[PDB]
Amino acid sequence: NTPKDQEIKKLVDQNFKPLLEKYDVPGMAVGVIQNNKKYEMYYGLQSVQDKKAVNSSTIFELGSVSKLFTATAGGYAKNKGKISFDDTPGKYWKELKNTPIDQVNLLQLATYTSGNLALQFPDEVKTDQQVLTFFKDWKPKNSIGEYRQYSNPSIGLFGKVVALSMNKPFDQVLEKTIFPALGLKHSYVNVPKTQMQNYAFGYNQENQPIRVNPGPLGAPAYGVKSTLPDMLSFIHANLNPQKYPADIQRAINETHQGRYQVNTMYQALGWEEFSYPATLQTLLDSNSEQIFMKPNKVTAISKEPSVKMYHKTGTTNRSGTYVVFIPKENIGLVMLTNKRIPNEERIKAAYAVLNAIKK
C-alpha cells in the first residue's frame, strides 16, 4: 500500500467509519478517485441476516443519485439528435399531444421547473395507466420555467421521453447503451439472478430488510443500483470526459452545463453545481429544507463560474448515497450505504476528506 493508500484510508476511517455506530448502519462503501487511481474502503455487512460482508462486488441502491444516469441518457439522446431540449413531451408520447403538459419543454422537465409538479406523484397514482391519466389531466400553476421544485414525476417524464426517442424501454437505454458506453459492468436497473447474492438489502429505521420494485416512472428517478468500483469509474468519466468516445463524451459534458441559478447553487442536468471552492455552508444549504421541498425562483445565468465543483445526494430511504467531484483537483468521492444517514453528515464527512487529501 502506497503512501497515498495509507493516508486516504486514515482520512476515511476518521470521518466516515464513526457514522456506522452513530446511526446503526450495517454496511458502507466509500471510495476516492484521484489522478486515475481508485481507493476503496469497505465496512460492515451487505446483509445482516446472511452475515455477508460488504465488498467490491456489493451492489447498492443509488436512490436519487439514479437521476445522474437519467441526465446522462438525456445528454446522449440530445447530442445524437434524437431529442432537442426545446421539444415538448407530446412530440414523443403522442397521448400527451394537445394537453397542457405539452407546453412544458424537456429541459424544464429535467430541471424541475414545470411550475406544478411536487416531490412525489399523488398517493392515488400507482400504475402506468394512472400516470398517463395524471399527465393528461395536468394543468400548470406557476409560470412555466420560472420556479424550481425538486420532483420525481418531473424527471420521470423526462426519462420516459428520452427512452421513447431512442425506441427502447428506459431500462434498456441504461443497460444496453449508457452503462456499456461508460464501461460499467455491474450497474443495473434490474439486478439479474446471477447477481442476487451481491445485492445489498436496504434497512429501514427499524433495521428491517426492505426490497421493493419501483413505482410507475420510478426507474429514471431512483431505480439504479451499482457497485463502488463502477461508481468510481462513473466519477472518472465525469472528471475526464475527453478520454471517452465522442457520443458519451458529449453526453457527459451536457450534464455539466449550468442551466439556471438558485442563490449559490447552479442546476445542471442531474448534477448540482457550485463555484469552487465552495464553503461548507454553501454545500449544506443546497440540501436545506427550503431548497429540497419548496418552490424557489430561478435566475438566468450571466456567465458560468470559472472553476466548478459538482455533487448529488441520494436521499430517499433504505440507502444513503453521496457523490462529489472537483475537476480542478482531479478528485472525487463516492459514499454508498444500505441505511439512511442524514445528508448533513454525508456532506460534512466528504468535505473533511477532500479538504485534507494532499495533491
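Quick note: we count residues from 1 along the sequence shown, nothing fancier.
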| query | finding |
| --- | --- |
| Comparing 185-193 with 280-288, the one whose average Cα B-factor in the PDB entry is higher | 280-288 |
| Given 106-114 and 167-175, the range whose Cα B-factors average higher in the PDB entry | 167-175 |
| Among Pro214, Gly81, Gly75, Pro220 - the residue whose C-alpha B-factor is largest in the record | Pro214 |
| Residue of maximum C-alpha B factor among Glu254, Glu95, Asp86, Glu124, per deposited coordinates | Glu124 |
| Third assignment of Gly314 from its chain's C-alpha B-factors | highest |
| CA B-factor placement of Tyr203, once the chain's modelled residues are sorted into thirds | highest |
| Lowest, middle or highest third - CA B-factor, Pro209 | highest |
| Third of the chain, ranked by Cα B-factor, where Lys297 sits | middle |
| CA B-factor ranking of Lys308, expressed as a third of its chain | middle |
